[PDB]
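**Q** Build me a model:
(chains A and B, ligands or ions: 2)
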Amino acid sequence: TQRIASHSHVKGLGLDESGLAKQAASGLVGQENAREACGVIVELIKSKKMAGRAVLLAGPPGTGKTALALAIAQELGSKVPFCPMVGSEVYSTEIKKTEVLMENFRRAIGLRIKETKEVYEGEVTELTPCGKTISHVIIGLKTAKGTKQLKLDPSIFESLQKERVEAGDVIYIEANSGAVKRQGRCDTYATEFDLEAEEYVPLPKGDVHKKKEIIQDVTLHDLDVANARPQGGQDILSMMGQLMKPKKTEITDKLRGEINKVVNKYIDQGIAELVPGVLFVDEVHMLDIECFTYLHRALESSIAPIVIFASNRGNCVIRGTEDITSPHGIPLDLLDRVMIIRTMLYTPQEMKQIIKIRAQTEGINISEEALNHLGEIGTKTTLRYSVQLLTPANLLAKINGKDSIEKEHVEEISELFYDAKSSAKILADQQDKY
Amino acid sequence: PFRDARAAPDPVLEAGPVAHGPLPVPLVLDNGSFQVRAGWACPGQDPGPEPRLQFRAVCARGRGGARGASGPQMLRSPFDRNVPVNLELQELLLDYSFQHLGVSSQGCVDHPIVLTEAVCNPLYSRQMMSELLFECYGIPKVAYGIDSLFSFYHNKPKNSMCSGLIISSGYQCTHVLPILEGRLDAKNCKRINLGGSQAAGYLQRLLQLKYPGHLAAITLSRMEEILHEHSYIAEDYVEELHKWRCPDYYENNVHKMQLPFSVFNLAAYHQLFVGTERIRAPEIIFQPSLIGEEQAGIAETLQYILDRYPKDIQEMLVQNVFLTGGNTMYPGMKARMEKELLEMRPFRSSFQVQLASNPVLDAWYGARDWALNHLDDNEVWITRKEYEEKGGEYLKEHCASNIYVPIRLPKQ
Ligand SMILES: Nc1ncnc2c1ncn2[C@@H]1O[C@H](COP(=O)(O)OP(=O)(O)OP(=O)(O)O)[C@@H](O)[C@H]1O
Ligand SMILES: Nc1ncnc2c1ncn2[C@@H]1O[C@H](COP(=O)(O)OP(=O)(O)O)[C@@H](O)[C@H]1O
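**A** Numbering: from 1, shown residues only, chains lettered A, B, ... in the order given. Ligands and ions are numbered 1, 2, ... in the order given. See below for the structure:
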């Protein structure tokens, strides 16, 4: 099964059809005024009209900022790109800081393409080329459902020859890609010799020929990166690929210009469609003043995605200024370009509901008398700490041969694993020893 | 446990069961290699009422020298590989058949006859079979046809022009016969030199090597029972034998053939356990390489004839694949044939496999229904006087008969 993790219980914003929030729904509780606001952002991203518009989620640690940001990615679903990043990712050793911003801004915009995937497979019954030189090659295929003939071009024939295919081999051709794969010799010939180095496979039991409709997702960034440096062209088989190690590089402005111009051609022809997505720059206060200034340009550009920011700082110093304080750790100049959503601390009853939702997500049975105790301990410590104790408590209940958390299990665990507040009290006492 | 076969029935009749209408009621004679099947045409009755004389085509004459015997009872038989090639051992087989059916009296059989022959018959052989028939027995008119094609004629949906492959498998041969517009396309017809005789011979020799302690207990007439009652044809041989490899399947499916009794007596009066053997005997016609023999077998041959036509008439003649004769009686034969056929056709295309209504008797019933219709079509038959100007190497090209060619044999 899938591993359980820190946000796997949230399944959406869980708003009603009028846009208002429900008390407890889709794996979130509380926060009505703050998560109704995400509803409006989801409508804005689904509208496709806008570019570069941006949002800041603000509020203390453990109040739900990344949970809400991931809830938005659920409401959009896998049709629309959602690129998460951490502020600290900007400091590469291969490229300038603004290049990392610009790559990630491109990643959040997707081309969506359609094609009919078409596959031929089976034992090769014959190969016959077709004047002076090969015009086409006829090939016959067989499976336990029948036989077909195909008419190959000389490019595909070169690929069959490179795979060392001969009659009696079992082959997979994909007609769109021009992909060709040898899968071994057909086992009807497995007695040609007693020992020979080949691997023999049974004749396929599936259809000779299959069709699907498939959808291809690719972002503008993928086009940039693929087209900038020469594509290596090595299906291995070529030792020149060994010498020049890859590295990232500053993509030039001119190339992004041409890529924009070619993609516009294809969305006029109906071959592709465009999905403006979301970039989630989490941990934003870790950006430098240089980068914060470059955002004033990229958020204005009439191509950019929607950008979501989040921060937990009070009035701290802006990185790289050595001096200047500003709200949320973000420069005032940029803070006047974002709409702000505040995020609020939980009352004890809210934490009880979060704890129960985590318990039944994580797979643990818990008695009411024990759940009231984790509720209390959450008010003394923090929600993110009470939710840690569930699994270790279950694991002691299991060692003592019981199915369900009871008071003495959480009480034992509380004495065995400390909180940052109570550990800091120890460090203040034994001060001279560390 | 084994049985023993019956012998010496009581077929005796009056001098001729002549019905109303035309007096010269013909004899219908399936001159088989394993057994002969013979009787009166008996017109005007829809079900053929009495295909009398079901008897093995073998004769006795021993160290005594002075006498011979012919009915179901050291031994001899008149055929070499499904063509008759004996003089008096054919006569005393015909004699038995006529005498038990009744005959008029005078120095000939007064009735015309329809007689089965080999898919191709050597010219000398046809000439001899005509001579040994017109000279000795004095028949007024004669018809030759092929067993398989009579069985097809019987099994057709309608008395109309057709196309198909016939799959046929008798004592010492199997044939694949492509037919178009009612005519055997004998230019590209093919046969395999194996058949149910050779299966029994192989199953004998296997069990002799499995139990040398009692060679004498196992003999052809007991091999017949295990091959008729207890053997089957695989859908795919290398998969069947693979599920036969595990002991828990083996013990549930092996056949316990108790010999007659006089240690629990099996050290000689064994239960002759047949496992894999009950597959390896049927399979000979699909894989003659289980014996020494290098020939294509019923699978590769069908493809090898079917790829020698235009792609439209293939899809025509495969619309009627027909199974008839001897070995097709095995259980599972239709399934193996239609699976093997599915791999060697265009991916979405259609085919049909039909099994004869009674695989062993339909050759005779076919010859009955044919003769009973074509009584007065005097272009179809060879008349007694024609044999005096055409030397016996001569035939009349009706449907369900071998293809004639202009030719003559020197004789003095
Ligand atoms: N309203 C809520 N409903 C359900 N679970 C919540 C809710 N708010 C927070 N959580 C859960 O509690 C934890 C809160 O993480 P949270 O989103 O507060 O991180 P944060 O401190 O805001 O920001 P960061 O991700 O930078 O640490 C997660 O386990 C989250 O899934
Ligand atoms: N019920 C049966 N199951 C299996 N094989 C059978 C069965 N009946 C007959 N045979 C086989 O049929 C063969 C004879 O068929 P037949 O049509 O009489 O031959 P032909 O026309 O060449 O004389 C024999 O080899 C015998 O083993």
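**Q** and residue 367, how many neighbours?
**A** I went with chain A, as the question did not name one. Residue A:367 is flanked by 14 other residues according to other Cβ atoms under 10 Å in any protein chain shown. For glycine as for every other residue, the C-beta is placed from the backbone atoms N, C-alpha and C.
**Q** look at chain B instead
**A** With other Cβ under 10 Å as criterion, residue B:367 counts 32.
**Q** just residue A:104 next, same as before
**A** 21.
**Q** Quick one: residues contacting it.
**A** Applying Cβ atoms under 8 Å, 6 or more residues apart in numbering or on different chains to residue A:104 gives the contacts A:83, A:85, A:279, A:281.
**Q** is stretch B:210-220 anywhere near ligand 2?
**A** No. Stretch B:210-220 does not reach ligand 2 (Cβ under 6 Å from any ligand atom); its nearest approach is 9.7 Å.
**Q** Alpha carbons of that stretch, as CSV, please.
**A** Taking Å, rounded to 0.1, in the frame of the first residue of the first chain, the C-alpha atoms of stretch B:210-220 are listed here in CSV:
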residue,chain,number,x,y,z
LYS,B,210,7.5,-50.4,-20.0
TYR,B,211,6.7,-53.9,-18.8
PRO,B,212,9.1,-56.5,-20.4
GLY,B,213,7.9,-59.0,-17.8
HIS,B,214,4.8,-59.7,-19.9
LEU,B,215,5.2,-58.9,-23.6
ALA,B,216,2.5,-61.5,-24.3
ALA,B,217,-0.3,-59.9,-22.3
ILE,B,218,-0.4,-56.8,-24.6
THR,B,219,-1.5,-57.2,-28.2
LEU,B,220,-3.2,-55.1,-30.9
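**Q** List the contacts of that stretch.
**A** B:200, B:204, B:207-208, B:259, B:267-268, B:270, B:272, B:277.
**Q** Which among those count as buried?
**A** Buried members of those, scored by 16 or more other Cβ atoms under 10 Å in any protein chain shown, are B:200, B:204, B:207, B:259, B:270, B:272, B:277.
**Q** Any figure for the gap between whatever residue of the stretch 51-200 of chain A ends up closest to chain B and ligand 1?
**A** Closest to chain B within the stretch 51-200 of chain A is residue A:146: 3.5 Å, counting by Cβ to the nearest Cβ. Distance of residue A:146 to ligand 1, given as Cβ to the nearest ligand atom, to the nearest Å: 54 Å.
**Q** Isn't that residue up against residue B:351?
**A** No. At 10.7 Å, residue A:146 and residue B:351 do not qualify as touching, with contact defined as Cβ atoms under 8 Å.
**Q** When those two are compared, which one has more neighbours?
**A** residue A:146 (19 against 16).
**Q** For burial, what's the neighbour tally of residue B:347?
**A** 15.
**Q** partner residues bridging the residue nearest to it when sequence neighbours are not counted?
**A** In this structure, residue B:347 finds its nearest non-sequential neighbour in residue A:146, 3.5 Å apart by Cβ to Cβ, 6 or more residues apart in numbering or on different chains. Beta-bridge pairing for residue A:146 (DSSP bridges): residue A:143.
**Q** And stretch B:101-110, end to end?
**A** End-to-end distance of stretch B:101-110 (Cα to Cα, to the nearest Å): 13 Å.
**Q** Grab the nearest non-local neighbour of residue B:340.
**A** residue B:299 (5.2 Å).
**Q** Residue B:338 - that's part of a helix, no?
**A** Yes. Counting by DSSP: H, G, I helix; E, B strand; the rest coil, residue B:338 is located in a helix.
**Q** Identify the residues contacting it.
**A** Here residue B:338 is in contact with B:351, B:353 (Cβ under 8 Å, 6+ apart).
**Q** quick one: which helix or strand includes residue 264?
**A** All of this is about chain A. Following DSSP states H and E, one finds residue A:264 within helix A:253-268.
**Q** tell me what that helix is packed against?
**A** helix A:220-228, strand A:272-276 (3 or more Cβ pairs under 8 Å, 6 or more residues apart in numbering or on different chains; DSSP states H and E).
**Q** what sits against the closest residue to ligand 1 within chain B?
**A** Residue nearest to ligand 1 within chain B (Cβ to the nearest ligand atom): residue B:347, separated by 52.8 Å. Neighbour list for residue B:347: A:145-148, A:207-209 [criterion: Cβ under 8 Å, 6+ apart].
**Q** now do 10 Å
**A** Listed by Cβ atoms under 10 Å, 6 or more residues apart in numbering or on different chains, the contact set of residue B:347 reads A:122, A:141-143, A:145-148, A:207-209.
**Q** which one of those residues sits closest to residue A:399?
**A** Lowest distance from residue A:399 to the contacts of residue B:347 (Cβ to Cβ) belongs to residue A:207, with 53.7 Å.
**Q** Do a quick rundown of the strands in the stretch 251-400 of chain A.
**A** Listed in chain order, the strands found in the stretch 251-400 of chain A under DSSP state E, counting those that start in this stretch are A:272-276, A:278-282, A:306-311, A:339-342, A:365-366.
**Q** so which of those strands gets nearest residue B:374?
**A** So among these, strand A:272-276 is nearest, using Cβ to Cβ, at 74.5 Å.
**Q** List the buried residues of that closest one.
**A** A:272, A:275-276.
**Q** now swap in stretch B:351-365 and tell me
**A** Quick answer for stretch B:351-365 (16+ other Cβ under 10 Å): B:351, B:353-356, B:358-365.
**Q** now do stretch A:153-168
**A** Those would be A:156-157, A:159-160, A:165, for stretch A:153-168 by 16+ other Cβ under 10 Å.
**Q** what's the answer for stretch B:91-100, then?
**A** Result for stretch B:91-100 [16+ other Cβ under 10 Å]: buried residues B:92-94, B:96-98, B:100.
**Q** In helices only, show me those residues.
**A** B:92-94, B:96-98, B:100 (DSSP state H).
**Q** Make JSON lines from the residues you listed and add distance to ligand 1 to it.
**A** Formatted as JSON lines, those follow (distance: Cβ to the nearest ligand atom, whole Å):
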{"residue": "B:92", "distance to ligand 1": "102"}
{"residue": "B:93", "distance to ligand 1": "97"}
{"residue": "B:94", "distance to ligand 1": "100"}
{"residue": "B:96", "distance to ligand 1": "99"}
{"residue": "B:97", "distance to ligand 1": "97"}
{"residue": "B:98", "distance to ligand 1": "102"}
{"residue": "B:100", "distance to ligand 1": "99"}
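**Q** and which of those residues is nearest to ligand 2?
**A** Looking across those and measuring by Cβ to the nearest ligand atom, the closest to ligand 2 is residue B:93, at 12.6 Å.
**Q** Excluding chain neighbours, what is closest to the closest one?
**A** residue B:70 (5.9 Å).
**Q** Helix, strand or coil: sort out residue 205 for me.
**A** Going with chain A. coil.
**Q** That was the other one, I meant chain B.
**A** Classification of residue B:205 by three-state DSSP places it in helix.
**Q** Tell me, how many residues neighbour it?
**A** Residue B:205 has 12 nearby residues by other Cβ under 10 Å.
**Q** what sits against it?
**A** Residue B:205 touches B:218, B:223, counting by Cβ under 10 Å, 6+ apart.
**Q** how far away is it from residue B:222?
**A** 14 Å (Cβ to Cβ, to the nearest Å).
**Q** Perfect, I'm done here.
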